[PDB]
A.B. asks: 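Quick one: the structure is below, questions incoming.
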Amino acid sequence: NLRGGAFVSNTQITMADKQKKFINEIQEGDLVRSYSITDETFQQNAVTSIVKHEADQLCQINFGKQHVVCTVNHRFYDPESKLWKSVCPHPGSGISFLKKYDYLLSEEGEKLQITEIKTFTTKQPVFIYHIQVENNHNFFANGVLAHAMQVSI
Amino acid sequence: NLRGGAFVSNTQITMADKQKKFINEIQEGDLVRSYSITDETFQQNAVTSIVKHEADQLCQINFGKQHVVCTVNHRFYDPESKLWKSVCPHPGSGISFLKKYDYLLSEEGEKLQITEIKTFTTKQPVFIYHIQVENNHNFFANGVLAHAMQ
Ligand SMILES: [Zn+2]
Ligand SMILES: [Zn+2]
């Protein structure tokens, strides 16, 4: 399902060695760059699941010229306010609103400001992907910290 | 739960006789004004359920000076594009985005343009309510057509 949201196929995932791979090429057992919010350290972790879905509703989040495209309900870490945030959080989920001028955390641990957010509907449904990542349950999508799908959700 | 969304306690519901009652005063068996999209006719229908929740995340949808305050995932009928819409539709739900300059359907069948939408977080959780309405599964909240929890 799409309860944790999903990224478009050409979203780049930061591998453990800081190489970049498209999410649609990710496989179970792939080692990705991940982050433990308490230690404030970067750790490698295996992908334990990768699933392909479809949807026609997406949001583009700009941070400078760089951007990420995902379902409106994907969660991103704001390292300024130290909160997990989404453009469209479910009420009672405990996830905060993600808005223009909020911050994302880069794969090098820097605060990147969000300069623009837009929602749009594609003519046809496009392929989207969600992954599970052991231990830290997060990864870097186009260089910013995003939350991985969880079973406990 | 809050999958269908909910309205704040001081949301006015149009009764069958076109009187207004606060959603927090609504009772099972109350007859409310409702709408069948196919017939394009107004019908009376009984509330079958009313539940009180809490949340601190809300959006305000303005249509002129009037507005409605609900969870971001509440569905409203746009009579211009003839689609059910939400500020924050769940992906794959088949609900379209509701945005500034879209349209709402008044309790008298008139298209009212949305002039502003904003999301905010309250200091403390507030009480919010969803209802079930037989047959048409909709009602008028501050005079605009809204979907009832299916
Ligand atoms: Zn899934
Ligand atoms: Zn409920």
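As the structure lists them, so they are numbered: ligands from 1, and atoms in each ligand from 1. A note on names: the letters A, B, ... follow the listed sequences, proteins ahead of strands, and every chain is numbered from 1. What you see below is based on every heavy atom in this structure, not just the backbone, and it leaves out hydrogens, waters and symmetry mates.
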A.B. asks: Taking the six-membered ring of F127(A) as reference, does the cationic atom of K52(A) (NZ for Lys, CZ for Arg) lie under 6.0 Å from its centre and within 45° of its axis?
C.D. replies: yes

A.B. asks: Can you find a side-chain donor-acceptor pair between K99(A) and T119(B) that sits under 3.5 Å?
C.D. replies: yes

A.B. asks: Taking 2.8 Å as the cut-off, does an N/O/S atom of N1(B) lie below it from the Zn ion (ligand 2)?
C.D. replies: yes

A.B. asks: Cation-pi between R33(B) and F42(B): NZ/CZ under 6.0 Å from ring centre and within 45° of the ring axis?
C.D. replies: yes

A.B. asks: In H130(B), the N, O or S atom nearest to the Zn ion (ligand 2) is which?
C.D. replies: NE2

A.B. asks: Between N62(A) and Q60(A), is there a side-chain donor-acceptor contact under 3.5 Å, judged purely by atom types and distance?
C.D. replies: yes

A.B. asks: Counting backbone and side chain alike, does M149(A) bring an N/O/S atom below 2.8 Å of the Zn ion (ligand 1)?
C.D. replies: no

